[PDB]
């Protein structure tokens, strides 16, 4: 086991306000394989200026996915108050074969700050946070969303400049509003931009510290960080699991401008991941300085046959989901 730093000294947790209705929004961004949306580049071979038929793990054509969105939290004047989150922690999904994630999709455009539906602002990219594991159950007061035994946490930190991946037991804390205490509604992470994101000094531990307020980290077997370059470009994240471990994919390190996903880590996680949930984040802004944070989209992977169209430099820029409709199947059979 590994040392992951200090426990929280806080005697209670920040109060968390769940209002699903403010987060129920239809901003559809479905998979378009003709733009190679959500394609994990096939592993073990390279191709160029050619079209192959391939059987791998892909999201299917036209899948709307599940949309998630993070919001600024309550404020009064210049005083951050309760957190503002959707009902994500109780919504435990099934990992199956894994999933890919469309990150920062609506950036640069304008949208709502969620917590105040009339206020609008320029939308900025925000990275998603995940909790994955093999055993789920209830918290003490009946609520779903508690992960047992070792749990894989994927938690961006450093105002979007870092990804932390760690695999430990999550011991719920007992203070007021904590998962093992009174008036528990949901756990969340947060950071406070006034103190945590002043230029030159991004706090690389601000989100972890907030996580550490709801759970004590115990029997941790690893904790990795992955530096992330600050920009506002559309990018894709993927995760799968084999007997060799959990595999993390990103477009960001190889094909930043195209979206092809390449493996950038193998985590030594050998228990089968059967469940995951999205960890709600809330940003402790003051009222005047709220921002809009781009929704992200999570699409499940299935075994599918695709036509993959490799450009000359070797990247996939067009594809066809053979099972999509009759016309696409006609294109597939016409290459055999």
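Positions refer to the first chain, counted from 1.
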> Mean C-alpha B-factor higher for 16 to 24, or for 308 to 316?
Replying inline: 308 to 316
> For the C-alpha atoms alone, is the average B factor greater in 98 to 106 or in 252 to 260, going by the entry?
Replying inline: 252 to 260
>> Maximum C-alpha temperature factor per the entry, among 210, 192, 161, 78, belongs to which one?
In response: 78
> Highest Cα B-factor in the deposition, which of 73, 200, 238, 179?
Replying inline: 200
> When the modelled residues of the chain are sorted by Cα temperature factor, does residue 155 land in the lowest, middle or highest third?
Replying inline: middle
> Taking the entry's C-alpha B-factors for this chain, is residue 120 in the lowest, middle or highest third?
Replying inline: highest
> When the modelled residues of the chain are sorted by Cα temperature factor, does residue 276 land in the lowest, middle or highest third?
Replying inline: lowest
> Within this chain, which third does the Cα B-factor at residue 292 fall in: lowest, middle or highest?
Replying inline: lowest
> Which third of the chain holds residue 64 when residues are ordered by C-alpha B factor: lowest, middle or highest?
Replying inline: middle
